[PDB]
Amino acid sequence: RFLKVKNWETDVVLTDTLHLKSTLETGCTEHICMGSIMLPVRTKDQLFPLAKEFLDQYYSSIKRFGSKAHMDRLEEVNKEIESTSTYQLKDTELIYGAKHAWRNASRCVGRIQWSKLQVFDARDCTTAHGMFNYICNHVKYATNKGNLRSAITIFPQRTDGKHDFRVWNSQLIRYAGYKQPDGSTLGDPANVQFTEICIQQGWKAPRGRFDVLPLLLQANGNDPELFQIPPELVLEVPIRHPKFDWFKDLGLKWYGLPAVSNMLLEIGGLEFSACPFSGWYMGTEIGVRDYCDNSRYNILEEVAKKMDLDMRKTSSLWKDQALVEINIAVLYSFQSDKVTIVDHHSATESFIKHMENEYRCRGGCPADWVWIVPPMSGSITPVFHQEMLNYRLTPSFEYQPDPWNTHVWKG
Amino acid sequence: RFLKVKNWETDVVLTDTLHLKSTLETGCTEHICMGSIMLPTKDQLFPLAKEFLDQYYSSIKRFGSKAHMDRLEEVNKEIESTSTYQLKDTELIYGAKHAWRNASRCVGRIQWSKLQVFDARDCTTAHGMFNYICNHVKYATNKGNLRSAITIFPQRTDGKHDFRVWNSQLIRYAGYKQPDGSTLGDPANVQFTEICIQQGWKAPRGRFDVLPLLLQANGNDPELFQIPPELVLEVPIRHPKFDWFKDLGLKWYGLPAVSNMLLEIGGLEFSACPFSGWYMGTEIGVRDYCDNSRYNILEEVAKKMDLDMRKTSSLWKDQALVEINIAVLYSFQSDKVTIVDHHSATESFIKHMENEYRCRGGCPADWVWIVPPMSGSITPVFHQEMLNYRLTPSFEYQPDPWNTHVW
Ligand code: HEM
Ligand code: HEM
Ligand SMILES: CN(C)Cc1cccc(OCc2ccc3ccc(N)nc3c2)c1
Ligand SMILES: CN(C)Cc1cccc(OCc2ccc3ccc(N)nc3c2)c1
Ligand SMILES: C[C@H](O)[C@H](O)[C@H]1CNc2nc(N)[nH]c(=O)c2N1
Ligand SMILES: C[C@H](O)[C@H](O)[C@H]1CNc2nc(N)[nH]c(=O)c2N1
Ligand SMILES: [Zn+2]
């Protein structure tokens, strides 16, 4: 069965066969679409088919399908599962899996860069302190003095689900949020709950508006431990506007390395519950979501006041106006400091090319339109008018419950 | 089976049951989501009629009454006899209001119960259709104080006697492919501005030329009619800041009147059913003015603003796009022509959404279409999970007549 998507701006039609190789479920049925829902201990019984499916893909990509190396590997993995109820990936397999998980991320606009992922293998790690050391080396390598490089560090896989490695932070670098007695929040509102835990775990909070959160790391199912990232390793960027001089006086800065640390890497049925990865920012991630979301720093108001906007009627589009200037500042500041960043026009443009190429060479590209389209200026980027098919391929990145909800405290 | 949706900006959770009454299909499967795709007999007819009549009579607190059971019987007979059937006026009004209420892609549904329905089922000719359409346009416009309306022409019979309005909206601007190879006027309507000539329109080959109506009645060849200009209310577009804005020579019409959809009620098919409301500002300013495949005036507007159009990262398209939209809203409001901004509309939609969850058990909604084409995440709908499903009565797409019409 074939499927076609159409770009309504350019009339380009593409044909999808890759969706046939789709395993997981979307959430949708013939009767209902869950396309806008944010979120839609494994037995040997169900592990070997997963392992085979992965190994077959892998040996196909290297053009050794049905070879002796391929067959011997199947058998080696077979014997290891029935003997140990799990298996270990070669370095070759691990790198491949990590890159492909990224490649299969239907919600990712940055996938053009997927082949260039730096993979650090942290599967020999046994402690939190070890975890800290690995993460530090990730942060330094990825940051590269502002010249950002995509990387992922991969800690040991889940075994019986009772010995999990987890990074408790949602991103390796993020600012504290503190709820005040009056109800106002100091810092980043998204991180209030997490900041509380850290403080309770013994963090001494500087209690400013831009405090870098400490790392909270869990090894082999043990209680998590606090570590402070060396500040010389945390690249931060002061935010100024190229025309508005009072902008600097807003006192804003952001960090340069976006590094998501709370997802789950599934490769060949194996589960990697700590797999922090990093790229670089699309400007609107900071400029629209981080600053101007109502449930974040929410500086639309103050930026608007200082612009002397008519904030009386909403039909004056004072929010829209201010939002654009803030995004202008973000790109400006980052580029001035020679810290890698991409604008949403450039990023979405690059994605359409990636997507077309993926259709030609791979037979499809799963994409989630709800997430690919940027959170401002939607229709003036080319992804808006691009039809997309969504489906799930493995290897993949998955969500997981927050660790403070599932963890069994030792003491 | 009892689904929940969360708003991630407000933590509010609504539960959906209404989806369980869904009849049609989505395009999607358990293996693949098509959410972003634009377009996904006697024994057929009675169950359809019954389903409608059941929900109709339930809505007036007379489910299983004499009237209800009598009516089911009555319609059963007419179907068995005539192979089709006719709606009572009450049912027709209820059906139209509900086709709108069920339009999952429509952000403006808070107004759904206040629809004026004009029954034009007694119409026989293109000249007839023209008269009814002029009356619709005058009523709806209401000297700028816009009122929602729909005009309903006779239902399909055997697909050979179809009434169709060939225009995609009752009011739209002409577009002509030039020897220069570019495009004057509105590029969306180049093919249609052509067909108007193939049937003999005398195009004043200009820019904002109001297209003539091309009406087909009872399956006959369509005929051209020119809407009286005094019935077409227009708004000159000026910026409340940039005096040079007026120089761009821009205007738009106030009445958005969609005329190419198919209204389905209780199994019956109304292929000519032009309906109208009022614009959300971004429909004109973001899409009509700035789409690459439309008036595409971004380049020009940014130039008069003297923005650095050298690098995409200056966000000059963004800055200009906003100004353009400010003007549109400003012009309409200053001319006392009804319009709504995307902030207000989306806010009203969350309210409507909450009402529908409360008094109906839900609200089918297509996020890809509800979220405005600019400033997405600064409107409340961006953070609103929605469920999409197909309820009936409904408005459906239908092929362009020229691709179909037996000539
Ligand atoms: C290198 C530059 C990159 C850019 C510019 C980029 C951009 C983005 C953006 C804007 C989103 C949407 C996030 C949101 O608004 O919530 C996203 C999502 C995502 N990215 Fe990329 N990304 C990059 C690299 C990466 C890398 C290196 C990986 C994995 C190794 C990755 C995996 C993902 C995944 C799995 C999601 C979806 C998150 C979710 O499902 O909640 N991205 N990306
Ligand atoms: C009165 C104020 C109204 C507002 C503000 C409004 C707004 C909108 C908007 C913004 C869209 C998105 C379409 C696009 O961007 O191209 C839309 C679609 C739609 N509207 Fe409403 N509308 C209104 C009245 C009506 C009425 C009176 C009807 C029918 C009786 C209606 C039926 C529909 C339908 C069926 C769609 C989706 C059509 C499609 O699938 O393309 N709307 N509306
Ligand atoms: C706190 N979590 C539950 C929410 C969450 C967890 C993980 C990922 C996520 O999506 C945002 C995201 C993920 C990966 C990215 C990679 C590069 C980049 N520039 N931005 C990203 C942005 C959102
Ligand atoms: C040529 N066709 C693709 C145009 C077309 C056909 C069918 C539906 C359609 O949807 C746009 C639409 C529909 C109804 C509306 C009602 C009020 C309003 N302000 N805008 C609307 C906008 C647009
Ligand atoms: C490809 C995609 O389905 C298409 O561009 C859709 C996206 N969302 C839209 N949303 C609205 N309101 N109107 C549209 O025409 C579209 N077009
Ligand atoms: C309700 C919806 O699922 C949710 O708000 C989504 C919408 N689209 C998004 N798109 C991106 N890139 N990031 C997001 O967090 C979201 N949030
Ligand atoms: Zn779907």
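To find a chain, count down the sequence lines: A is the first, B the second, and so on, and within it residues start at 1. When reading the values below, keep in mind they use all heavy atoms of this one structure, side chains included, and skip hydrogens, waters and symmetry mates.
With a 4.5 Å cut-off on non-hydrogen atoms, A/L323 touches chain B through its side chain but not through its backbone. In this structure, the portion of B/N292 lying under 4.5 Å from any heavy atom of chain A is its side chain and not its backbone. Neither the backbone nor the side chain of B/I339 comes within less than 4.5 Å of any heavy atom in chain A. Contacts between B/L329 and chain A at a heavy-atom distance below 4.5 Å involve the side chain alone, from C-beta outward. If you measure heavy-atom distances from B/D341 to chain A, the contacts under 4.5 Å come from the side chain alone. Contact of B/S314 with chain A is made through the backbone alone, with heavy-atom distances under 4.5 Å. Only the side chain of B/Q333 has a heavy atom closer than 4.5 Å to any heavy atom of chain A. Within the 4.5 angstrom heavy-atom criterion, only backbone atoms of B/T23 (N, CA, C, O) approach chain A. Interface remark: B/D366 contributes no atoms to any contact with chain A (heavy atom separation under 4.5 Å). For a residue to count as touching a neighbouring chain, one of its non-hydrogen atoms must lie under 4.5 Å from one of that chain's; by this rule B/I37 touches chain A with backbone and side chain alike. With a 4.5 angstrom heavy-atom cutoff, B/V368 touches chain A via backbone and side-chain atoms both. Interface remark: A/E325 contributes side-chain atoms only to the contact with chain B (heavy atom separation under 4.5 Å). Interface residue B/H19: only side-chain heavy atoms are found under 4.5 Å from chain A.
Looking at B/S293, its side chain never comes within 3.5 Å of a backbone N or O of A/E9 through a donor-acceptor pair.
Note that CH2 of A/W8 is 5.0 Å distant from CE of B/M38, once rounded to the nearest 0.5 Å. Taken to the nearest 0.5 Å, the CD1 atom of B/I378 stands 11.5 Å off from the CZ atom of A/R289. Atoms NE2 and SG, on A/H31 and B/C28 in that order, are 12.0 Å from each other to the nearest 0.5 Å. Taken to the nearest 0.5 Å, the CZ atom of B/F382 stands 12.0 Å off from the CE atom of A/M376. Once rounded to the nearest 0.5 Å, the distance linking OG of B/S344 with NZ of A/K313 reads 10.0 Å. To the nearest 0.5 Å, atom CG of residue B/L315 and atom OG of residue A/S377 are 7.5 Å apart.
Across all non-hydrogen atoms, the minimal contact from B/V286 to A/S379 is CG1-OG, 2.9 Å. When all heavy atoms of B/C33 and A/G35 are compared, the closest pair comes out as SG-CA, 4.1 Å. In terms of heavy-atom proximity, B/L387 sits nearest to A/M34 at CD2-SD, 3.6 Å. Contact record, A/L39 with B/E385: N-OE2, 4.4 Å, taken as the closest heavy-atom pair. Residue B/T26 comes nearest to A/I32 through the heavy atom pair CG2-N, 3.6 Å, listed as atom of the first residue, atom of the second, then distance.
In this structure B/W367 satisfies the side-chain hydrogen bond (donor to acceptor under 3.5 Å, both in side chains) test with no other residue, sequence neighbours excluded. Under the rule for a salt bridge (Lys or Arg N to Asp or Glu O under 4.0 Å), A/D402 has no partner lying at least two apart in sequence or in another chain. A/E398 pairs by the salt bridge (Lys or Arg N to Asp or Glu O under 4.0 Å) definition with A/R392, not counting sequence neighbours.
Atom NZ of A/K179 sits in a sparse spot, with 12 or fewer heavy atoms from other residues, nucleotides or ligands closer than 6.0 Å. Heavy atoms of other residues, nucleotides or ligands lying less than 6.0 angstrom from CD of B/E299 number 12 at most. Summarising the local packing, CZ of A/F2 is surrounded by 12 or fewer heavy atoms from other residues, nucleotides or ligands at distances under 6.0 Å.
Between the side chains of B/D318 and A/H344, at least one donor-acceptor pair of N or O atoms lies under 3.5 Å. Donor-acceptor pairing under 3.5 Å is lacking for the side chains of B/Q319 and A/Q321.
Chain A forms more heavy-atom pairs under 4.5 Å with one residue of B/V340, B/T312, B/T379 than with any other, namely B/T312. Per-residue heavy-atom pair counts under 4.5 Å with chain A were compared for B/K317, B/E347, B/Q384, B/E25, and the maximum is reached by B/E25. Note on A/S36, A/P374, A/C292, A/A367: by heavy-atom pairs under 4.5 Å with chain B, the leading option is A/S36. For the options A/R296, A/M38, A/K6, heavy-atom pairs under 4.5 Å to chain B are most numerous at A/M38. Considering only heavy-atom pairs separated by less than 4.5 Å from chain A, the leading option among B/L3, B/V322, B/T29, B/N325 is B/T29.
Annotation: residues 303-311 of chain A contacts chain B through no residue [non-hydrogen atoms, separation under 4.5 Å].
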Worked verdict on B/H383 versus A/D293 for side-chain contact (heavy atoms from CB on, under 4.5 Å):
CA-CA 10 Å; B/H383 315 267; A/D293 259 30; 3.7 Å; yes
